[PDB]
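Worksheet: the structure to be examined is printed underneath.
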Protein chains: 4
Amino acid sequence: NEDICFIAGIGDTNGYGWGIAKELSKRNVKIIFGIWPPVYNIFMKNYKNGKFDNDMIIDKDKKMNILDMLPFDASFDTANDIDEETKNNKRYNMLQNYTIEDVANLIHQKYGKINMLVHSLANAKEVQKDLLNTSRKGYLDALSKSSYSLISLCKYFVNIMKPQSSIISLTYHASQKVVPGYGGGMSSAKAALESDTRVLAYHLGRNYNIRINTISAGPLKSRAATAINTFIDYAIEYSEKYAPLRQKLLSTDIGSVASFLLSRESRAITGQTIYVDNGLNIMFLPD
Amino acid sequence: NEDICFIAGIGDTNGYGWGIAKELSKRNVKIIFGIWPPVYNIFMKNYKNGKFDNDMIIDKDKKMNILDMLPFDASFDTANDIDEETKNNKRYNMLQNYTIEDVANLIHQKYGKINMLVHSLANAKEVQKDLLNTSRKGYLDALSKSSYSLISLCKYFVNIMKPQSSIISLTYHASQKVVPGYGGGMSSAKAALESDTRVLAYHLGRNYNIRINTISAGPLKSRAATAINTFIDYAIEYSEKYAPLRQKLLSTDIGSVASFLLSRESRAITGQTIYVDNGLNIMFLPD
Amino acid sequence: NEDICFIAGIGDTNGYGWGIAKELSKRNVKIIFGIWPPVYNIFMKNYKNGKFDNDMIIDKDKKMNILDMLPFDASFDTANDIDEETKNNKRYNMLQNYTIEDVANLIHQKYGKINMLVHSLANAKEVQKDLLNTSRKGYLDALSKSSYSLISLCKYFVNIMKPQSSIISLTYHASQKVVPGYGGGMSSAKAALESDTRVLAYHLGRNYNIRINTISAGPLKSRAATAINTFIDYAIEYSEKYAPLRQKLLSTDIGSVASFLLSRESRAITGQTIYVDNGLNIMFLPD
Amino acid sequence: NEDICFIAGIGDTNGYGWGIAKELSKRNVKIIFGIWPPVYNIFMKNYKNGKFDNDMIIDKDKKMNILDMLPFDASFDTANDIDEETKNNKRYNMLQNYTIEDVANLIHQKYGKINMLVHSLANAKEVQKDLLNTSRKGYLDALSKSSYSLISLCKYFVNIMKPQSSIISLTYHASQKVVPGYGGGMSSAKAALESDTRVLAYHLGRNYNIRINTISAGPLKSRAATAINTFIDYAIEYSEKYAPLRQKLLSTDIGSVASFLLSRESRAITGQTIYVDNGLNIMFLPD
Ligand SMILES: NC(=O)c1ccc[n+]([C@@H]2O[C@H](COP(=O)([O-])OP(=O)(O)OC[C@H]3O[C@@H](n4cnc5c(N)ncnc54)[C@H](O)[C@@H]3O)[C@@H](O)[C@H]2O)c1
Ligand SMILES: NC(=O)c1ccc[n+]([C@@H]2O[C@H](COP(=O)([O-])OP(=O)(O)OC[C@H]3O[C@@H](n4cnc5c(N)ncnc54)[C@H](O)[C@@H]3O)[C@@H](O)[C@H]2O)c1
Ligand SMILES: NC(=O)c1ccc[n+]([C@@H]2O[C@H](COP(=O)([O-])OP(=O)(O)OC[C@H]3O[C@@H](n4cnc5c(N)ncnc54)[C@H](O)[C@@H]3O)[C@@H](O)[C@H]2O)c1
Ligand SMILES: NC(=O)c1ccc[n+]([C@@H]2O[C@H](COP(=O)([O-])OP(=O)(O)OC[C@H]3O[C@@H](n4cnc5c(N)ncnc54)[C@H](O)[C@@H]3O)[C@@H](O)[C@H]2O)c1
Ligand SMILES: O=Cc1ccc(Oc2ccccc2)c(O)c1
Ligand SMILES: O=Cc1ccc(Oc2ccccc2)c(O)c1
Ligand SMILES: O=Cc1ccc(Oc2ccccc2)c(O)c1
Ligand SMILES: O=Cc1ccc(Oc2ccccc2)c(O)c1
């Protein structure tokens, strides 16, 4: 009924960004994707070649309602931030207005004010290297894209939101307890994301009456998951064997939580980490 | 269709039990009230004389679908647990089948298996007495009636519940952080309840595919809350000034979260303490 | 000079009570044993016949400074709490002043005020029964003897303790995370104990300038531990393979931390759960 | 007895680095300071002009034993990392071998292997700006100097340590609960430090048998504390009024904890956050 959500960080339909997009369509929210420049063109190709038709079907006679699809790179806050190499690059040269600020500006100009923000991107150049052999550049690159991205997104997008808006992002338990293969300081990144959620909760709550929470999802065989080193195959088999609920976790599991988290229905919740993981986090010794 | 919920711990319309009842009605769920015999007769007259008429009111013209209302005492697991005095006591003499087991059976015989369970009750003889000054009897009292009852409610009610059912209870932050005024061992009962929710999610999740969670509610001006001597006004005045969301917290705010948690929509959440308190728990220092 | 410590919960030399006793001796602290009457006479013979001779041995030639050894039952707060059967029971008939209050007074009359208190005891009638299958009696039993005793030990022992004294107890991670095998409501008692340590730090810190903390010990092969049916071998084999510190965890490892926490050296620590388990709690997935 | 500790991040004697250095001298550990380049020369001047004589006195006839005092900038891992501006700068031109790697190399060459590491530096260019108006550069600068510094320090210094060595760093509660004035992403930085401690604990434990923990200190009117915006004056008055223990927290309070944390006496502790804050963290509602 004139609800519009922006989802940062889709590349295909095997991630949580898709799951979140499915479920929100059930509540008749219009969807706008933010797609990372280097995969935008291919994503666009697949969409037009119908690769995703099936994944867009919902309930009885309802389709997913994609208002727009835009290039978006969470590396850059303004135009002033893009370096000579990136600008010059084959992926980027063909596109424009993909910075955090340019995307707020562009959405707002095309469609007016929105009321739903989702952060659903992570990126860590050295993810495959354990924390101890992670370099300074790789650590900060991880923090920049995976965590600072959240603050920037909030900082530009509050302007174009209505009061009583909601914002989520996705996190992982590795921030609280040691996950051996989750390297490159994605642990570190997730650590800070959760803490920033509490801090943003305070500022966004008192100064605009906008809520923010994060969802701590169990494992899901996504594009990004397979970039780690298998690891994600072990995480899935372990989860389905030792979690208090022995069923397959689905992107739409997280999706529905996000939708309730994004609705008036959770008015009294903010600054929280909510686990959507079939209860895995509560276990100590595997039985 | 056929979503029946048993709510244990209703005494009036000023409580969280009522907020839950209301919000659950909006979803077209059938409700069954479980009412402590010390207040059961006075609840019935009040109701029959339509004194809750204005509080049964939902949305535009819609009323509350209360299926049945049953005397219920969370102290007694089965008919044999009942001591001679209580069976003979003025307010118990006239009443039948009010133990945890008889209530479970009666619900089954009368209505068949259900799919939702709310634990919404607490008791402590020595609530006015700070923990150090609490006698062994008072402690155990508080533990028995506020913490053990949930365990039992589970034991007897899994029998009459469908797989994929959901169970919630209510807790208070004092379990995690020091709150002067919350005595009797209540903080002890709360800690117990929150840890017991984890262990039960393991059992119920693996053994029956049933979910259990708890809601750490913020302050509400209920009958029970004024029994603390007032502590509650202070705690409300405090939440309304320092929380991120500076807005009155309503029984229905908790209600609608209970609705979510109790529905399929929370499929992948189990064993959790969900905070519904406008974010106060995340604060450290005031301003 | 004049550092006297009362240790509640000693039955043999295979326990944490003994590790604490040993390490405290190295600091030249005077020890007073509090021994459950069901094992008091058998402890005395064993001791007198010098069967603990090799376990009383510290460093190069130094022995254990055991000042006195007293029958003690954490079930009874005062002489009036004692039921006729127990007073008449074979193992209690011969013994005097073994309640929490008489023990406090006797210690004071015999030795004056002390400055250190160890709570090192636990009990649960139904430990073999998983939580869901625990009867109301067993639950309350476990809560009474493992959680309430600490509260009381405080109530009666603050009277005979100097300002700047310190009090510790022992807990187990199962309060925070699900550990199958830990039944009887023990996990409930542990959660209770950890929250009760916070509330008591408030009271004791403001009102008497006395410190209280708890140690979440890792697995140890003690008398009590084999009573769980074995659960303990599994848990040791597990800790030794997956913990960060792959090295046997010894009663004295906990002992020396108890020493630290009990000394002035921990002046600014109160209300905390300190983990001493080679770091196992921080793990999520095995390898 | 041939124990050597390295303390990164002293500038004067009002910080925790001094407190840690005092206490470790009581146990006859030789001390080596790491001093940030821009204050090295002045620090050195004061030392020689005797400004610190009084602050170096310990117990009866013992002085603080400062083995060496070296320039150290946690911004730079190797020689290859220092830029043309810094190299050219007035502070830096007069000094040499101040990178994390060069300091390990230099200590090791002069004095052989050490067994004690302390991390005791924080730095946030935008600390005075709340999280939401913190820029990308300021956020990452905070993370680089305050958190990544820990990993690098461990990464170079393991080489020059003995097995069974210990490492600490200092953190603040703001990582767990909202502290309004603690801006520029020092919250974020502290968040990640605590999470990295658990992760390093795992690698350093399994691969070298070296422990690591962090201490969460209450407020102390230090040089750096006064750089924030007062804020530290409020934090101190609040602490001494509402903490369970109403006494002044001293750098030597933290010091003694560090010393026990750094000794064989805590062999079974790793990967932990330990609160040294007079119990402040346990409170919810101020009484
Ligand atoms: N997949 C899991 O198993 C799992 C478990 C817990 C948490 N999470 C979290 O959920 C989020 C989504 O994960 P996913 O599995 O859906 O991965 P995904 O690959 O499906 O989605 C992440 C997307 O973010 C985009 N992206 C990367 N860098 C970017 C940048 N600099 N600017 C803009 N966009 C960028 C990529 O195009 C990628 O498609 C992640 O942040 C992850 O931390 C995932
Ligand atoms: N009031 C708050 O601010 C607050 C904050 C956090 C959590 N909670 C939780 O909410 C729950 C309900 O509290 P409330 O504030 O709505 O007060 P309430 O009076 O509505 O709830 C207590 C109700 O439980 C019933 N009851 C008491 N003992 C019983 C027994 N032995 N058997 C059956 N029923 C019994 C009484 O009829 C009473 O109506 C409590 O469990 C409390 O832990 C309340
Ligand atoms: N064993 C472990 O692996 C482990 C792990 C974490 C915590 N702990 C804690 O350590 C404590 C001691 O356990 P343990 O493993 O040394 O076994 P233990 O047998 O040494 O300790 C129990 C002792 O308490 C005494 N006791 C029992 N009931 C008593 C009562 N009513 N009054 C007075 N004394 C009584 C018994 O004499 C017995 O010796 C327990 O409280 C437990 O919670 C143990
Ligand atoms: N002071 C408090 O109230 C307080 C409370 C909790 C935690 N802490 C933590 O304790 C630590 C010490 O704090 P403090 O109050 O002693 O401050 P301090 O100023 O006494 O010590 C910090 C020192 O680190 C040095 N430093 C800064 N940037 C550096 C760099 N890039 N490379 C090398 N050295 C650098 C500075 O010279 C400074 O003297 C801090 O990390 C802080 O996060 C402090
Ligand atoms: O299930 C575990 C898991 C899988 C993928 C994740 O996202 C990443 C994005 C980029 C690099 C690394 C991970 C993640 O956060 C957790
Ligand atoms: O706002 C705090 C608060 C108020 C009332 C509560 O219910 C109780 C019912 C009986 C005894 C004690 C508490 C409670 O749990 C928390
Ligand atoms: O290693 C785990 C463990 C083993 C023994 C324990 O002591 C108990 C004493 C009596 C009843 C239950 C437990 C305990 O607390 C934890
Ligand atoms: O007591 C609070 C407090 C004071 C100072 C701190 O260190 C800082 C170092 C550099 C910039 C900002 C803070 C800190 O971490 C916490």
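Scheme for the structure tokens: letters A, B, ... for chains in order shown; per-chain residue numbers from 1; ligand numbers from 1 in order shown.
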Distance filter 7 Å around ligand 1, atoms: only C-alpha atoms and all ligand atoms, out as a ChimeraX atom specification: /A:8-12,14-17,35-36,39,72-75,120-123,145-146,170-172,216-225,232
Restricting the output to N, CA and C atoms, write the selected residues as an mmCIF file, in the first residue's frame.
```cif
data_model
loop_
_atom_site.group_PDB
_atom_site.id
_atom_site.type_symbol
_atom_site.label_atom_id
_atom_site.label_comp_id
_atom_site.auth_asym_id
_atom_site.auth_seq_id
_atom_site.Cartn_x
_atom_site.Cartn_y
_atom_site.Cartn_z
ATOM 1 N N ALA A 8 20.105 -3.697 -0.636
ATOM 2 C CA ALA A 8 21.488 -3.647 -1.062
ATOM 3 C C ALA A 8 22.076 -5.051 -1.106
ATOM 4 N N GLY A 9 22.715 -5.411 -2.212
ATOM 5 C CA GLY A 9 23.552 -6.614 -2.255
ATOM 6 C C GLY A 9 22.897 -7.869 -2.784
ATOM 7 N N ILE A 10 22.271 -7.778 -3.947
ATOM 8 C CA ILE A 10 21.836 -8.971 -4.652
ATOM 9 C C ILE A 10 22.737 -9.117 -5.850
ATOM 10 N N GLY A 11 22.972 -10.375 -6.216
ATOM 11 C CA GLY A 11 23.697 -10.743 -7.442
ATOM 12 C C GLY A 11 23.016 -11.868 -8.236
ATOM 13 N N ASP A 12 22.087 -12.552 -7.579
ATOM 14 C CA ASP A 12 21.460 -13.724 -8.137
ATOM 15 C C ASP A 12 20.445 -14.094 -7.100
ATOM 16 N N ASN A 14 20.139 -16.985 -5.029
ATOM 17 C CA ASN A 14 20.523 -18.037 -4.068
ATOM 18 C C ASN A 14 20.969 -17.464 -2.702
ATOM 19 N N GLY A 15 20.784 -16.163 -2.558
ATOM 20 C CA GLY A 15 21.203 -15.466 -1.367
ATOM 21 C C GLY A 15 20.032 -15.103 -0.503
ATOM 22 N N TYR A 16 20.333 -14.459 0.610
ATOM 23 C CA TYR A 16 19.293 -14.037 1.530
ATOM 24 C C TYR A 16 18.544 -12.811 0.999
ATOM 25 N N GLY A 17 19.227 -11.980 0.216
ATOM 26 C CA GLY A 17 18.580 -10.839 -0.412
ATOM 27 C C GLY A 17 17.386 -11.236 -1.257
ATOM 28 N N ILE A 35 22.593 -3.576 -6.973
ATOM 29 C CA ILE A 35 23.470 -4.615 -7.466
ATOM 30 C C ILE A 35 24.872 -4.071 -7.656
ATOM 31 N N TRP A 36 25.835 -4.791 -7.091
ATOM 32 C CA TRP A 36 27.244 -4.479 -7.201
ATOM 33 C C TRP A 36 27.686 -4.442 -8.669
ATOM 34 N N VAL A 39 28.812 -7.358 -11.168
ATOM 35 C CA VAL A 39 27.824 -8.363 -11.606
ATOM 36 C C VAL A 39 26.474 -7.848 -12.150
ATOM 37 N N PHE A 72 25.062 -0.405 -7.669
ATOM 38 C CA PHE A 72 25.325 0.082 -6.286
ATOM 39 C C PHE A 72 26.588 -0.557 -5.707
ATOM 40 N N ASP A 73 27.567 0.266 -5.363
ATOM 41 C CA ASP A 73 28.813 -0.229 -4.796
ATOM 42 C C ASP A 73 29.092 0.407 -3.460
ATOM 43 N N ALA A 74 29.081 -0.413 -2.415
ATOM 44 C CA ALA A 74 29.070 0.063 -1.041
ATOM 45 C C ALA A 74 30.453 0.479 -0.600
ATOM 46 N N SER A 75 31.402 0.341 -1.521
ATOM 47 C CA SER A 75 32.753 0.850 -1.329
ATOM 48 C C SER A 75 32.788 2.376 -1.309
ATOM 49 N N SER A 120 22.586 -6.274 2.998
ATOM 50 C CA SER A 120 22.657 -7.679 2.743
ATOM 51 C C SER A 120 23.852 -7.996 1.907
ATOM 52 N N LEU A 121 24.962 -7.336 2.232
ATOM 53 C CA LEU A 121 26.221 -7.514 1.521
ATOM 54 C C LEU A 121 27.343 -7.677 2.508
ATOM 55 N N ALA A 122 28.275 -8.546 2.148
ATOM 56 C CA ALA A 122 29.517 -8.764 2.861
ATOM 57 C C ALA A 122 30.581 -9.008 1.805
ATOM 58 N N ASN A 123 31.815 -8.623 2.119
ATOM 59 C CA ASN A 123 32.957 -8.799 1.212
ATOM 60 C C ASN A 123 34.291 -8.675 1.958
ATOM 61 N N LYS A 145 33.708 -2.633 3.621
ATOM 62 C CA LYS A 145 32.606 -3.066 2.780
ATOM 63 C C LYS A 145 31.463 -3.747 3.541
ATOM 64 N N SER A 146 31.840 -4.445 4.610
ATOM 65 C CA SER A 146 30.914 -5.273 5.401
ATOM 66 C C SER A 146 30.290 -4.580 6.595
ATOM 67 N N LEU A 170 22.287 -8.418 7.944
ATOM 68 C CA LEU A 170 22.432 -9.819 8.294
ATOM 69 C C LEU A 170 23.789 -10.041 8.921
ATOM 70 N N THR A 171 23.865 -10.881 9.956
ATOM 71 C CA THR A 171 25.147 -11.127 10.641
ATOM 72 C C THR A 171 25.393 -12.624 10.819
ATOM 73 N N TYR A 172 26.523 -13.010 11.396
ATOM 74 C CA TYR A 172 26.772 -14.404 11.671
ATOM 75 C C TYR A 172 27.276 -14.564 13.100
ATOM 76 N N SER A 216 20.737 -12.801 12.598
ATOM 77 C CA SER A 216 21.918 -13.696 12.615
ATOM 78 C C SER A 216 21.603 -15.059 11.985
ATOM 79 N N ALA A 217 21.779 -15.149 10.669
ATOM 80 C CA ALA A 217 21.346 -16.312 9.877
ATOM 81 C C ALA A 217 22.289 -17.502 9.949
ATOM 82 N N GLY A 218 21.704 -18.704 9.931
ATOM 83 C CA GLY A 218 22.465 -19.954 9.845
ATOM 84 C C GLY A 218 23.018 -20.102 8.441
ATOM 85 N N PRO A 219 23.591 -21.263 8.122
ATOM 86 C CA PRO A 219 24.304 -21.322 6.857
ATOM 87 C C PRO A 219 23.359 -21.525 5.675
ATOM 88 N N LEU A 220 23.732 -20.965 4.548
ATOM 89 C CA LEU A 220 22.931 -21.075 3.351
ATOM 90 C C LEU A 220 23.908 -21.131 2.176
ATOM 91 N N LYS A 221 23.783 -22.173 1.342
ATOM 92 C CA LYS A 221 24.701 -22.360 0.225
ATOM 93 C C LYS A 221 24.450 -21.292 -0.823
ATOM 94 N N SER A 222 25.112 -20.154 -0.642
ATOM 95 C CA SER A 222 24.977 -19.028 -1.540
ATOM 96 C C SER A 222 26.253 -18.887 -2.339
ATOM 97 N N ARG A 223 26.217 -17.972 -3.306
ATOM 98 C CA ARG A 223 27.397 -17.618 -4.084
ATOM 99 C C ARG A 223 28.581 -17.338 -3.159
ATOM 100 N N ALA A 224 28.407 -16.356 -2.272
ATOM 101 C CA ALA A 224 29.477 -15.886 -1.384
ATOM 102 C C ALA A 224 30.001 -16.961 -0.430
ATOM 103 N N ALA A 225 29.090 -17.811 0.049
ATOM 104 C CA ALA A 225 29.404 -18.899 0.979
ATOM 105 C C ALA A 225 30.443 -19.857 0.405
ATOM 106 N N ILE A 232 31.220 -24.177 3.707
ATOM 107 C CA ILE A 232 29.796 -23.952 3.784
ATOM 108 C C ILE A 232 28.999 -25.271 3.705
#
```
Contact residues (chain D, partner chain B, 7 Å, only C-alpha atoms) as a ChimeraX atom specification: /D:177-179,282-285,287
Hey, can you spit out that residue selection with N, CA, C and O atoms as a PDB file, in the first residue's frame?
```pdb
ATOM      1  N   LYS D 177      27.191  -2.258  25.150  1.00  0.00           N
ATOM      2  CA  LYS D 177      26.060  -1.400  25.503  1.00  0.00           C
ATOM      3  C   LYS D 177      26.395   0.012  25.165  1.00  0.00           C
ATOM      4  O   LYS D 177      27.536   0.447  25.311  1.00  0.00           O
ATOM      5  N   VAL D 178      25.371   0.734  24.744  1.00  0.00           N
ATOM      6  CA  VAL D 178      25.526   2.088  24.238  1.00  0.00           C
ATOM      7  C   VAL D 178      26.014   3.092  25.289  1.00  0.00           C
ATOM      8  O   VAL D 178      25.389   3.297  26.342  1.00  0.00           O
ATOM      9  N   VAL D 179      27.159   3.687  24.949  1.00  0.00           N
ATOM     10  CA  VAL D 179      27.755   4.820  25.639  1.00  0.00           C
ATOM     11  C   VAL D 179      27.696   6.026  24.665  1.00  0.00           C
ATOM     12  O   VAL D 179      28.523   6.145  23.743  1.00  0.00           O
ATOM     13  N   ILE D 282      27.316  -4.912  35.776  1.00  0.00           N
ATOM     14  CA  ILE D 282      26.173  -5.724  36.213  1.00  0.00           C
ATOM     15  C   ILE D 282      24.855  -4.947  36.461  1.00  0.00           C
ATOM     16  O   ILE D 282      23.798  -5.550  36.547  1.00  0.00           O
ATOM     17  N   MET D 283      24.923  -3.625  36.582  1.00  0.00           N
ATOM     18  CA  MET D 283      23.754  -2.789  36.897  1.00  0.00           C
ATOM     19  C   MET D 283      22.866  -2.558  35.689  1.00  0.00           C
ATOM     20  O   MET D 283      23.371  -2.501  34.561  1.00  0.00           O
ATOM     21  N   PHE D 284      21.561  -2.405  35.930  1.00  0.00           N
ATOM     22  CA  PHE D 284      20.611  -2.032  34.888  1.00  0.00           C
ATOM     23  C   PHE D 284      20.010  -0.654  35.161  1.00  0.00           C
ATOM     24  O   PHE D 284      20.403   0.325  34.530  1.00  0.00           O
ATOM     25  N   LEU D 285      19.048  -0.591  36.090  1.00  0.00           N
ATOM     26  CA  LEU D 285      18.470   0.673  36.571  1.00  0.00           C
ATOM     27  C   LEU D 285      19.336   1.207  37.709  1.00  0.00           C
ATOM     28  O   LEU D 285      19.578   0.468  38.671  1.00  0.00           O
ATOM     29  N   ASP D 287      19.910   2.868  41.090  1.00  0.00           N
ATOM     30  CA  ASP D 287      19.076   2.892  42.286  1.00  0.00           C
ATOM     31  C   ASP D 287      19.045   4.270  42.941  1.00  0.00           C
ATOM     32  O   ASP D 287      18.001   4.917  42.975  1.00  0.00           O
TER      33      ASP D 287
END
```
Looking only at strand (DSSP E) from DSSP on the backbone, list the matching residues of region 88-271 of chain B as a PyMOL selection string. chain B and resi 114-119+161-171+211-217
Any chance you can output those residues with N, CA, C and O atoms as a short mmCIF file (atom, residue, chain, number, x, y, z; two decimals), in the first residue's frame?
```cif
data_model
loop_
_atom_site.label_atom_id
_atom_site.label_comp_id
_atom_site.auth_asym_id
_atom_site.auth_seq_id
_atom_site.Cartn_x
_atom_site.Cartn_y
_atom_site.Cartn_z
N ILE B 114 -4.19 -28.67 20.13
CA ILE B 114 -4.03 -27.25 19.78
C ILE B 114 -2.69 -27.03 19.12
O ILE B 114 -1.97 -28.00 18.85
N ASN B 115 -2.34 -25.77 18.86
CA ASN B 115 -1.06 -25.49 18.22
C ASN B 115 -0.32 -24.29 18.80
O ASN B 115 0.72 -23.89 18.29
N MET B 116 -0.83 -23.73 19.89
CA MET B 116 -0.21 -22.56 20.49
C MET B 116 -0.41 -22.58 22.00
O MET B 116 -1.51 -22.88 22.47
N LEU B 117 0.67 -22.25 22.73
CA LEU B 117 0.73 -22.18 24.20
C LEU B 117 1.40 -20.91 24.74
O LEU B 117 2.58 -20.68 24.52
N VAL B 118 0.67 -20.13 25.50
CA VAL B 118 1.27 -18.98 26.17
C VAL B 118 1.40 -19.19 27.69
O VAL B 118 0.39 -19.46 28.37
N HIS B 119 2.64 -19.08 28.19
CA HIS B 119 2.94 -19.04 29.62
C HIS B 119 3.10 -17.60 30.08
O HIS B 119 4.11 -16.96 29.81
N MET B 161 -0.62 -31.26 21.59
CA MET B 161 -0.19 -30.29 20.60
C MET B 161 0.33 -30.92 19.32
O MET B 161 0.99 -31.96 19.36
N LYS B 162 0.03 -30.28 18.19
CA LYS B 162 0.43 -30.75 16.86
C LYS B 162 1.91 -30.45 16.64
O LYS B 162 2.44 -29.51 17.23
N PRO B 163 2.60 -31.26 15.81
CA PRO B 163 3.94 -30.79 15.41
C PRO B 163 3.87 -29.39 14.79
O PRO B 163 2.80 -28.97 14.33
N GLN B 164 4.99 -28.69 14.81
CA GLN B 164 5.07 -27.31 14.31
C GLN B 164 4.25 -26.29 15.13
O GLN B 164 3.92 -25.21 14.65
N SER B 165 3.96 -26.64 16.37
CA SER B 165 3.31 -25.74 17.31
C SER B 165 4.40 -24.87 17.91
O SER B 165 5.58 -25.15 17.71
N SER B 166 3.99 -23.85 18.65
CA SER B 166 4.91 -22.86 19.19
C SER B 166 4.46 -22.54 20.60
O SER B 166 3.27 -22.56 20.88
N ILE B 167 5.42 -22.26 21.48
CA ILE B 167 5.18 -21.95 22.89
C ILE B 167 6.01 -20.72 23.27
O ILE B 167 7.20 -20.66 22.94
N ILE B 168 5.41 -19.74 23.94
CA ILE B 168 6.18 -18.61 24.46
C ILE B 168 5.94 -18.37 25.95
O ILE B 168 4.91 -18.78 26.49
N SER B 169 6.89 -17.70 26.59
CA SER B 169 6.74 -17.16 27.94
C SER B 169 7.31 -15.75 28.01
O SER B 169 7.89 -15.26 27.04
N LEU B 170 7.17 -15.12 29.16
CA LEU B 170 7.64 -13.76 29.36
C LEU B 170 8.65 -13.62 30.49
O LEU B 170 8.47 -14.14 31.60
N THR B 171 9.70 -12.88 30.19
CA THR B 171 10.78 -12.70 31.15
C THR B 171 11.08 -11.21 31.33
O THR B 171 10.47 -10.37 30.67
N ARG B 211 8.28 -25.49 18.84
CA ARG B 211 9.17 -24.36 19.15
C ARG B 211 8.85 -23.72 20.50
O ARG B 211 7.69 -23.68 20.92
N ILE B 212 9.89 -23.25 21.19
CA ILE B 212 9.77 -22.49 22.44
C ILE B 212 10.72 -21.27 22.50
O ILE B 212 11.91 -21.32 22.12
N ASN B 213 10.16 -20.15 22.93
CA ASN B 213 10.90 -18.92 22.96
C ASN B 213 10.37 -18.16 24.14
O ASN B 213 9.32 -18.51 24.71
N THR B 214 11.11 -17.12 24.51
CA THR B 214 10.67 -16.20 25.57
C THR B 214 10.82 -14.72 25.15
O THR B 214 11.72 -14.36 24.37
N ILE B 215 9.92 -13.89 25.66
CA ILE B 215 9.89 -12.46 25.36
C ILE B 215 10.26 -11.71 26.63
O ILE B 215 9.55 -11.82 27.62
N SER B 216 11.38 -10.99 26.61
CA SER B 216 11.79 -10.11 27.72
C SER B 216 11.08 -8.75 27.59
O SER B 216 11.58 -7.81 26.98
N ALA B 217 9.88 -8.68 28.14
CA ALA B 217 9.02 -7.52 28.01
C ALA B 217 9.58 -6.33 28.78
O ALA B 217 10.31 -6.50 29.75
#
```
DSSP helix (DSSP H, G or I) residues within region 167-280 of chain A, listed as an MDAnalysis selection string: chainID A and resid 173:175 186:208 224:227 231:242 251:261 264:266 280
Non-local contacts of region 90-100 of chain A (12 Å; only C-alpha atoms; under 3 positions in same chain excluded) as a VMD selection string: chain A and resid 6 8 33 to 42 69 to 87 103 to 107 119 145 148 to 157
Applying 7 Å and only C-alpha atoms, which residues near residue 195 (chain B) remain after dropping the ones on its own chain fewer than 3 positions away? List them as a ChimeraX atom specification. /B:191-192,198-199 /C:175-176,188,191
Go ahead and dump the residues you just picked, C-alpha atoms, as a PDB file, in the first residue's frame.
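See part_39.pdb below for the written result:
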```pdb
ATOM      1  CA  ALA B 191      17.262 -16.493  34.950  1.00  0.00           C
ATOM      2  CA  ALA B 192      15.956 -19.996  35.436  1.00  0.00           C
ATOM      3  CA  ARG B 198      17.116 -23.147  25.806  1.00  0.00           C
ATOM      4  CA  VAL B 199      17.158 -26.665  27.217  1.00  0.00           C
TER       5      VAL B 199
ATOM      6  CA  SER C 175      23.496 -22.380  32.296  1.00  0.00           C
ATOM      7  CA  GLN C 176      24.294 -20.429  29.144  1.00  0.00           C
ATOM      8  CA  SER C 188      18.425 -24.228  36.139  1.00  0.00           C
ATOM      9  CA  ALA C 191      21.575 -20.047  35.762  1.00  0.00           C
TER      10      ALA C 191
END
```
Report, in Å with one decimal, the straight-line distance from CA of residue 89 (chain D) to CA of residue 50 (chain D).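 Between CA of residue 89 (chain D) and CA of residue 50 (chain D) the gap works out to 28.2 Å.
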For CA of residue 207 (chain D) and CA of residue 159 (chain D), quote the distance in Å rounded to one decimal. 12.1 Å
Find the spatial neighbours of residue 246 (chain C), counting only C-alpha atoms, within a cut-off of 12 Å - ignore same-chain residues fewer than 5 positions away - and output them as a list in words.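 Listing them by chain and then by number gives residues 236, 237, 238, 239, 240, 241, 277, 278, 279 and 280 of chain C; 202, 203, 204, 205, 206, 207, 208, 209, 210, 211, 267, 268 and 270 of chain D.
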